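Read top to bottom, the protein sequences are chains B, D, C and A. Quick note on numbering: the entry's author numbering labels position 10 of the first sequence as 11, and the sequence is numbered without any gaps. Quick note on numbering: the entry's author numbering labels position 300 of the second sequence as 301, and the sequence is numbered without any gaps. Quick note on numbering: the entry's author numbering labels position 110 of the third sequence as 926, and the sequence is numbered without any gaps. Quick note on numbering: the entry's author numbering labels position 49 of the fourth sequence as 250, and the sequence is numbered without any gaps. Here's the structure we're looking at; comments come further down.
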Amino acid sequence: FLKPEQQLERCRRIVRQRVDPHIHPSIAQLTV
Amino acid sequence: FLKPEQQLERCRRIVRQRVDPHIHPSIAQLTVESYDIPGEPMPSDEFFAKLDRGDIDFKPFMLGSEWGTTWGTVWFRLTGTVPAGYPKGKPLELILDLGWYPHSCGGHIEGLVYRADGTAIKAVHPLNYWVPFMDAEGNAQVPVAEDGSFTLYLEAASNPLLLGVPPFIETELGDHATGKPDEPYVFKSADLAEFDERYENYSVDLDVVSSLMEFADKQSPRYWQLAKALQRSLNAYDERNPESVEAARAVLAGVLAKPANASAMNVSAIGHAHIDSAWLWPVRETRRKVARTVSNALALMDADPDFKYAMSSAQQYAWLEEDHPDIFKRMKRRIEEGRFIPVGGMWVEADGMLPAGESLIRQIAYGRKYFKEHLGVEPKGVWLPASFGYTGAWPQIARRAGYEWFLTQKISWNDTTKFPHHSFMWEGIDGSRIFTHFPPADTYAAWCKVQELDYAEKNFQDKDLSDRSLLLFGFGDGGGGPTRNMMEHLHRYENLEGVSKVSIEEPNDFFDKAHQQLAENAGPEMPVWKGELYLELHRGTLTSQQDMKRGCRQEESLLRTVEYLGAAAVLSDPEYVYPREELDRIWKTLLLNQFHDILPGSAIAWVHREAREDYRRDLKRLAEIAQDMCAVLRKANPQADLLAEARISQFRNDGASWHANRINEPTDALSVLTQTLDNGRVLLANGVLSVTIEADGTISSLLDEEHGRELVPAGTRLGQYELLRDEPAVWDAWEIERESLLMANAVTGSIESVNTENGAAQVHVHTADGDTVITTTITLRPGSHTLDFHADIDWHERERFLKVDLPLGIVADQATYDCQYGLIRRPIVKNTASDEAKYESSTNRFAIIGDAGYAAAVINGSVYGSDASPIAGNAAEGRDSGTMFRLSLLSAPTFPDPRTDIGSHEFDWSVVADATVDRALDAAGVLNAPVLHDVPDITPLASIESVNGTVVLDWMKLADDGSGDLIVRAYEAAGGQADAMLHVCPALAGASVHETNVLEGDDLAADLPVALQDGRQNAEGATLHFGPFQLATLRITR
Amino acid sequence: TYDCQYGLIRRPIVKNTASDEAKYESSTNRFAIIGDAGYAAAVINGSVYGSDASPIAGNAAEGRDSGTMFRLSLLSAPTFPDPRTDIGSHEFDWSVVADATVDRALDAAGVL
Amino acid sequence: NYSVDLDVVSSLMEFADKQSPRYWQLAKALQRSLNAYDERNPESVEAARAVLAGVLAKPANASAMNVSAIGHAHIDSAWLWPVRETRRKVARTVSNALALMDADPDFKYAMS
Ligand SMILES: OC[C@H]1O[C@H](O)[C@@H](O)[C@@H](O)[C@@H]1O
Ligand SMILES: [Zn+2]
Ligand SMILES: [Zn+2]
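Here is the structure:
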């Protein structure tokens, strides 16, 4: 009834899309 | 002392560095000029017309530059020259590169090559980018001058890659053509090169040996012999001496000539290339993809004998015939030889669940007609490699259409359950059986690799009764097709130890041989699967893009009404002319819109916008045509009384099926009463029902009179809206996950107004969530057992799923749903993991849930997906028991369309308290019938009344000939034996009736029952004996 | 539909999966009912418990239409625990009810 | 012969590389042979032997090794018995070998 592989795939997708971008959110642009 | 892994690594390095570069060594450089079209694609005929009239610049282009826009086209003029007397016995091919991504194929840029005359030669693909230029003795595909100068054209299409290595990423590059360089690619290579077959053969042999070693069952003599042969071949090959590549090839000959095992299965391979009519690209690119695929197949046939290719969709055939007459003529000559096999005999590869039975019949009829009148080929089987499940009425329709076998491979995508058989007999709900085969390779586009063959051998589920499997090889789902490498690999696998015997064979011969072998071996113990082919995946396709389903159902109902009205008018007014051409065009447009990617709703925004425009235009045109036919009928029938607002719905109860009935007919029952309670609760009471509405606009008490039954369990609210978080890991638009359930959030509303327009009570409820507003009208009509709900929704959510709860208070183990031509039963209580996988099924206009002594029905307007669960309560609180039945309304995917179903939507449904099969069919027919105006109350052309059993006359139409005969299609809906007698209009006096097939071909199989005994009879008084879901078809001649 | 101790049970006649095939020999309690939507027939037994049911798919080219083969287990002759098992005289009673409902099946089972 | 065929088929199934066509074909052949054999009818043992003939006539694999077999019987001059019993053991072994040669052609025996 519980499929661990689906949980692993969902975890990888969630980390890639919804968790990692929220780390280091840009607040200002720099001039080079 | 010998390490096979080191040998494998050395072989891979040698192939990468010293063998592959020697294949196609460049001998000349080409000069390139470009002409860009940022907008719509430019037809080839008029392009070449102005080209030979001028009007084109062809600005010079340098190698390594960026050329393409997001959806534009580039025409490249390639000018080159050959060296002096260079073609010394070698083909001297031509190589073009457009910036192919190595880990991608069939989802990005492509191109086609044209001569100066205007005839295509061969398309270019990431894995197949060689174009034949000259022959060994000097024969060239293009004119060449004495100086050797030559010119060619290349039409390159630049399409965005919507499926990258990060799968399912939201994008905005699927709406239209922007004319901007969103992601340009480099060209960097256009060379004229020579062809050396020895190096290619050596590469193929090395690859085959390595792949055989990968699955050679280590610690066996074969593995070590292969390793030793590989080592010796690598040692004997010298790059400095070109001739040594011959001697190395002589080393691998010993191990490659070993005969196959005695028990190895026999595999028949047929060239295939799946092309979706509309998926991640519009139809305009679909036509070009079809042309490129056919050109590639023709080039492969020319360059290689003993190669066969199969093509399925008739619409693509028509598009190719209309666009490229020369390619069509070449394909026709190939067909006459028997090397190009048309399969399927259908307009498109439509979905197997959503379309109605008449839609599938029209698929088959139009496909067969096109195949007979334009190709002279009559397919013997159904070709549907990809489909999100099948209704289970397919075997009867296919068997009555003359088909003999079925093909399918999508069932392999199940989440938890493995289908018990690969080759078997699929039996419908009626009893008709057809021979079905599932390719064990689990794919329709094989790359011709040893690992695919080994997986197919180990995956077969009928090894004890058969040893025949079908392999479909080539590049699919984006065009392309089989390549030369695939043919060479197959030729190597023809007779090899450790690899099954693979031969090129027509699918008909394979199916005949497999069926005969199964009959011989199995006998009494022969596999049979009865029911539907449910797919445990893509369960969200029943709700995504609700406009598609709504338009499909509305168009089908309107087409039924229009054809009935036309048949009635023709038999009354001889001067009337039936609009056959316009109706045929509308039917073909709908059939194309019924594809397995448009109807589910998993394409880009452009495809769905075009489909919505087509639906709206066709609906308006059909309404106008129906109005014209109604006016003609009114003119021809002055004695009848006009009906200002009336509907015609098949199988209306009380023996008034095909009669036009008013919306508001007077009733003996008094007007329904309304009452306001203390806490804002609203009480509605007609003579048969009592409805109580709470302050939040949800039904809490639905009492049925004269039965003492409460239809709402205590502690549950009816009509409550639920919001779910839909964030699937894969296939966002396709999938709704189990984790989405069990976390629905209740959304509360309030009562706004109560009104009584024509004696029917109406209650208005507003529900708000934030930029999303639902306005619900709850209607109770006097003298009726049905409670009606109408909903207007302003969907503005994101990644959310909307559902409505309809508790029933009936303990039932199974629920009955409507099928295309019958009924199906699905479990409500899920005991095993297999049963749990069916947590989201489909409904066809109604569902019935009931115990032994009582039943209630839920009727829906244009909703397909739904689910049912038990409700086990406790007497310590008040909750007794029941069944929670929920309907899926809206969803908001993001991957294919960033804004999906954002806007206004309308829904209609109803609850029938005391319901049987007849009452459910009546309610479903009445609700789905289109509304028309000013119709005479004319006698129906034909009528079918059943003394015992339930017989529904599904369709009446005119024969698709000049004869003008009347075709009547009926079926048994209850599920048991039924007896009926046929009646006809007084105008049809002395007419004769006889039985035909679904295609009106007058030829039917002897195995199937007829249900019309004594053969030809008179139209009036004919007797019919319907079995369970008989689906009889009759033809009446005046 | 078969009789239970204090109710009724439903068992599949058409066996699609391997799990369904494992139930090729079930138990009956004084009667069994087999019927479609509009008709039903009952088999009443005196003291027989084991039985089985299978489909009958015929062809119109010969005359066999369709049906359900319902068989009752009467006697067996094992040898390991008892060398002579059920060797001798036995009596059995059963009946077929043409137009049968739950009430009629219960009536016939009680009377017999 | 039937016993030898059944033993060979069973031992082949024991190492038949399950999930391969050979394993399932051997299983089906064994089941059919067991079903076709009736102990009450002595002649049926012939017909059962005809069922296993199909799977026992399959040719060997191309890469299979070639094995040469020679009759052997190791006899220790003195180990757990005196020499007087060693002489009798030698005589018995030679007598058995001679009887096997008489009762079967194409048999060879080696002595050291
Ligand atoms: O399975 C999803 C997807 O698979 C393949 O790429 C094609 O058949 C598509 O038509 C389909 O939508
Ligand atoms: Zn597809
Ligand atoms: Zn020793």
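Think of the CB as a built atom: it goes at the ideal place given N, C-alpha and C, for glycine as much as any other residue.
Cα atoms of D:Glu736 and D:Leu385: separation of roughly 21 Å, rounded to the nearest angstrom.
At a Cβ-Cβ threshold of 8 Å, D:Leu543 and D:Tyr855 do not count as neighbours. Rounded to the nearest whole angstrom, the CA to CA distance from D:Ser159 to D:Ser66 is 14 Å. Per the C-alpha coordinates, the member of D:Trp76, D:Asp902 and D:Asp465 positioned closest to D:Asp795 is D:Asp902. Around the CB of D:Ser843, 16 or more other CB atoms lie within 10 Å, so the residue is classed as buried. Residues of chain B whose Cβ lies closer than 7 Å to the Cβ of D:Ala834 are, in chain order, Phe2. Per DSSP, the beta-bridge partners of D:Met347 are D:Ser314.
Residue-level contact check: D:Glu537 does not touch chain B, since none of the beta carbons of chain B fall below 8 Å from its beta carbon.
Listed along chain D, the residues sitting closer than 8 Å to A:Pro222 by beta-carbon distance are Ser264, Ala265, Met266, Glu458, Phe461, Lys464 and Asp468.
Using a 10 angstroms sphere on the CB of B:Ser27, the tally of other CB atoms stays under 16, which defines it as exposed. Comparing C-alpha distances from D:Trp659 to each of D:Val927, D:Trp72, D:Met135 and D:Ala515 shows the shortest one belongs to D:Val927. Per DSSP, the continuous alpha helix (DSSP H) segment holding D:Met630 begins and ends at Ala606 to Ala637. Burial check for D:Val713: the Cβ neighbour count within 10 Å reaches 16 or more, so the residue is buried.
D:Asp615 is a Cβ neighbour of D:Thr590, given a cutoff of 8 Å.
Annotation for B:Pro5: no beta strand (DSSP E) segment contains it, though the alpha helix (DSSP H) segment containing it runs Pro5 to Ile15. When the Cα atoms are used, C:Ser882 and C:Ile850 turn out to be separated by approximately 14 Å. The C-alpha of A:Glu286 is placed about 10 Å away from the C-alpha of A:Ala292. For D:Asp955, the enclosing beta strand (DSSP E) covers residues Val952 to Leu959. When CB distances to chain D are screened at a threshold of 7 Å, the residues of the segment 867-889 of chain C falling below it are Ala873, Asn875, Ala876, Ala877 and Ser882, in chain order.
Contact of C:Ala848 with chain D by beta-carbon distance below 7 Å is absent, the smallest such distance being about 16 Å. By the Cβ-count criterion, A:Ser278 is exposed, with fewer than 16 other Cβ atoms from all chains shown falling within 10 Å of its own Cβ. Relative to ligand 3, the beta carbon of A:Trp280 is positioned inside 7 Å of a heavy atom.
Contact annotation: D:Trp395 and D:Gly429 have beta-carbon atoms nearer than 8 Å. Across the segment 512-529 of chain D, no CB contact with chain A closer than 7 Å is found for any residue. In the structure shown, D:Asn509 adopts helical secondary structure according to DSSP, grouped into three states. Taking a beta-carbon distance threshold of 8 Å, C:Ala921 does not count as an interface residue toward chain D.
At a cut-off of 8 Å, the C-beta of A:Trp225 has a neighbouring C-beta in chain D.
The segment 880-898 of chain D and the segment 591-607 of chain D touch, with no fewer than 3 CB-CB distances between them shorter than 8 Å.
In this chain, the alpha helix (DSSP H) harbouring D:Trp588 covers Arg581 to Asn594. For D:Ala645, the closest C-alpha among the options D:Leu257, D:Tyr445, D:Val132 and D:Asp935 is that of D:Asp935. In the structure shown, D:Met266 adopts coil according to DSSP, grouped into three states.
With fewer than 16 other Cβ atoms from the protein chains shown falling within 10 Å of its own Cβ, C:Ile825 counts as exposed. A:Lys290 is outside the set of residues whose beta carbon lies under 8 Å from a beta carbon in chain D. Between the segment 1008-1017 of chain D and the segment 1025-1034 of chain D, the count of C-beta pairs closer than 8 Å reaches three or more; the two stretches touch. For the segment 1008-1022 of chain D, the residues whose beta carbon sits under 8 Å from a beta carbon of chain C are, in order, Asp1008, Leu1009, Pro1010 and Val1011. Chain D has no Cβ within less than 8 Å of the Cβ of C:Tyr822.
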